[PDB]
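Subsequent text provides structure tokens for two forms of one protein chain, presented individually as structure 1 and structure 2.
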Structure 1
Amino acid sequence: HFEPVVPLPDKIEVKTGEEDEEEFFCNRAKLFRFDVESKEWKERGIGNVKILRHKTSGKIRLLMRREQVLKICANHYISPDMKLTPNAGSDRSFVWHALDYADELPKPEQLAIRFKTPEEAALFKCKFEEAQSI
């Protein structure tokens, strides 16, 4: 037992910033951010990539979170400028550039997402683009 140092913080209306949107798509995958600082590709996260369109505003974004700890690792809005190009023929993963906000600070990271199977990638591709068709 250790006496607490900081005064007890009241509970919270545990948000989630989710809602007000609906899952236009949601599959788990692994995320990668490029380094440039070197040239190696880095593991950014593992969990569910979602595609949410606001109920009101109608603004579709791509929110990814990490399992276990649950932390955003993708947050940008899908744009018509973004083009999910394959990657070394890897029909299970794609790469696109995005002014992501996963850290709550805008950073123009080049990304890569890889899926367990191709069907899953294909579906992601479709739904992703279908979300641009709007």
Structure 2
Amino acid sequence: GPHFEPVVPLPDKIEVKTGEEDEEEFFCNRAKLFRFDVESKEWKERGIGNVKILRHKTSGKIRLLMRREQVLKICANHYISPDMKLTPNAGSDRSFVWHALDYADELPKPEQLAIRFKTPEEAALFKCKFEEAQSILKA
């Protein structure tokens, strides 16, 4: 309700720039992301929000991108590699684990990641698209 004085020169509105305007979506779905802590040897939560598989329209590069909802910080950002393997969790058809050179903190960090979906249907479409993205490269 009450009024406070702003402590900073009010900056101009800028055009909304996502960094994704040069790519197209293959996959978009909300999910829960975990990052394995090497030291403590436990899974830690990394974020909840929309996972996207994006292909650059010119380079044909394909990456995985995830933003935390409400705060909209990036919690995953890495090129998908043919060398990657998605490995279901024992007895779980809702989740997969893989390794990636991730750039969420805007710094290149090797990570092992777990991603869980709410329905096994949502997971299967992710696997499918993920692995289909991997169909490139070669032949």
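Only the largest set of C-alpha atoms that superpose within 1.5 Å between the two forms is called the rigid core. Counting starts at 1 with the first residue of structure 1 and goes up one by one along its sequence. Shifts are known only where both forms have a C-alpha.
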Please state whether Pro9 has a C-alpha shift of 2 Å or more between structures 1 and 2, with the rigid core used for the fit.
yes
Shift in Å of the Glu18 Cα between structures 1 and 2 [rigid core superposition]:
1.2
Value in Å for the CA shift of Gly89 between structures 1 and 2, taken after the core is superposed
2.2
Can you give the C-alpha shift of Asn48 between structures 1 and 2 in Å, rounded to one decimal, after superposing the rigid core?
0.3
Flagged movers between structures 1 and 2, rigid core as reference, every CA at 2 Å or more, runs of three or more, listed in order as 1-14
